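Worksheet: one structure, shown below.
For the numbers below, each heavy atom of this structure counts, side chains included, while hydrogens, waters and symmetry mates do not. Chain A is the first sequence line, chain B the second, and so forth, proteins listed ahead of strands; every chain is numbered from 1.
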Number of protein chains: 2
Amino acid sequence: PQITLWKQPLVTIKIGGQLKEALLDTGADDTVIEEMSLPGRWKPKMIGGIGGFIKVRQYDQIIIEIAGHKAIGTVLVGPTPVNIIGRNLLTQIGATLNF
Amino acid sequence: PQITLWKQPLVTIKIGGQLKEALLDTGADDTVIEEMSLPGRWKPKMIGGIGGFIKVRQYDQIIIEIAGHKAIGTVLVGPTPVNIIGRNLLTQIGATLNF
Ligand SMILES: CCCC[C@H](NC(=O)[C@H](C)NC(=O)[C@H](CCC(=O)O)NC(=O)[C@H](Cc1ccccc1)NC[C@H](CC(C)C)NC(=O)[C@@H](NC(=O)[C@@H](N)CCCNC(N)=[NH2+])C(C)C)C(N)=O
């Protein structure tokens with residue numbers, strides 16, 4: 001849909017069968033969720049932003065539904081202060097901000 | 001001017017008289033520019049992100065130009081790894097997420 005920004009762009013997502021709330025983040029390359037149990041083998045990685053770098057577990061080929069829109073890709077799980085859907089997944093669902 | 005999210009949504013902005021490039025970040029409640037000498041009375045602030053907090057100076061009622069669009073607002077200046085336009089300014093240019 002068309003989402004304005006007077007409020008944070010939070011939507012609901014379903015991963016690993018459970019619901020969770022996440023922020024549509026245009027400033028992130030990747031998708032990162034707070035620590036949870038996800039089926040599948042994972043690989044340790046480091047990612048950074050403001051503040052610095054944090055360790056996370058990278059899960060490849062995760063099926064995720066973001067506002068009823070399916071994507072299947074890389075999700076990173078670790079201690080992010082907020083769950084964010086980055087461009088890696090936003091691209092999959094056809095998100096554009098525009099002009 | 002809206003955050004064309006796919007490849008890093010970077011655009012030209014004008015602040016304090018200098019031409020700059022910034023990342024349009026839904027998910028950035030704030031705008032934070034690279035260290036620079038802006039005249040104007042400030043307030044010391046601490047903003048948090050991915051891996052922690054960063055000390056920045058807060059300037060209010062700052063006039064900036066985002067992809068040829070005029071906006072006025074609170075700009076924070078500090079040791080940021082990239083210039084970030086946050087929702088506080090994105091809303092004034094009418095930027096929206098579309099999928
Ligand atoms: C595919 C490559 C992956 C490998 C990895 N890549 C990265 O780490 C890439 C560059 N990082 C990013 O893209 C990260 C997000 C993590 C990620 O995407 O993986 N982006 C980010 O962290 C971007 C800013 C940024 C962009 C580019 C470079 C640096 C920084 N900010 C995202 C973030 C979202 C929010 C939900 C936490 N927003 C902010 O950090 C803004 N903060 C705010 O708006 C605060 N008011 C939010 C509350 C914080 N406080 C609290 N909870 N008590 C700030 C910019 C004013 C690497 N190691 O190089």
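When the shell of 6.0 Å around NZ of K14(A) is examined, it contains 12 or fewer heavy atoms from other residues, nucleotides or ligands. Around CD1 of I72(A), the count of heavy atoms belonging to other residues, nucleotides or ligands within 6.0 Å exceeds 12. Within a 6.0 Å radius of NZ in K20(A), more than 12 heavy atoms belonging to other residues, nucleotides or ligands are found. Heavy atoms from other residues, nucleotides or ligands lying under 6.0 Å from CD of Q61(A) number more than 12.
In terms of heavy atoms, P81(A) sits closest to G49(B) at CG-O, 3.8 Å. Between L5(B) and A95(A), the shortest heavy-atom distance links the atoms CD1-O, 3.0 Å.
Once rounded to the nearest 0.5 Å, the distance linking CD1 of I50(A) with CG of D30(B) reads 11.0 Å. Here the CG-CG distance, from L97(A) to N98(B), works out to 7.5 Å after rounding to the nearest 0.5 Å.
In terms of heavy-atom pairs under 4.5 Å with chain B, the best-connected choice from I54(A), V82(A), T96(A) is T96(A). Per-residue heavy-atom pair counts under 4.5 Å with chain A were compared for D25(B), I3(B), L23(B), and the maximum is reached by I3(B).
Connection of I66(A) to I84(A) is not established within any shared hydrophobic cluster, with ILVMFWY side chains joined at heavy-atom distances below 4.5 Å, either directly or through further cluster members. Residues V77(B) and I15(B) share a hydrophobic cluster, clusters being chains of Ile/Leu/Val/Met/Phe/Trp/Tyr side chains in contact below 4.5 Å. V32(B) is not connected to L89(B) by any chain of hydrophobic side-chain contacts under 4.5 Å among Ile, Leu, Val, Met, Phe, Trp and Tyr, and they are in different clusters. Taking hydrophobic clusters as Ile, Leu, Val, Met, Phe, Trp and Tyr residues chained together by side-chain heavy-atom distances below 4.5 Å, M36(B) shares a cluster with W42(B). Linking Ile, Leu, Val, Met, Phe, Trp and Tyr residues whenever their side-chain heavy atoms come within less than 4.5 Å places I13(B) and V75(B) in a single cluster.
For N88(A), no part sits under 4.5 Å from any heavy atom of chain B, backbone or side chain. Both the backbone and the side chain of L24(A) come within contact range of chain B, with heavy atoms under 4.5 Å apart. Contacts between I93(A) and chain B at a heavy-atom distance below 4.5 Å involve backbone atoms as well as side-chain atoms. Heavy atoms closer than 4.5 Å to chain A are found nowhere in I85(B), neither backbone nor side chain.
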Next on the checklist: Pair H69(A), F99(B) - check side chain to side chain contact (heavy atoms under 4.5 Å, CB included), show working.
Outcome noted: CA-CA 9 Å; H69(A) 295 272; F99(B) 59 101; 3.5 Å; yes

Next on the checklist: Quick one, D29(B) with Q8(A), criterion side chain to side chain contact (heavy atoms under 4.5 Å, CB included). Give me CA distance, side-chain angles, the key distance, then yes/no.
Outcome noted: CA-CA 8 Å; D29(B) 297 294; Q8(A) 293 193 302; 3.1 Å; yes

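Defined by atom type and a distance below 3.5 Å, a donor-acceptor pair is present between the side-chain atoms of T26(A) and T26(B).
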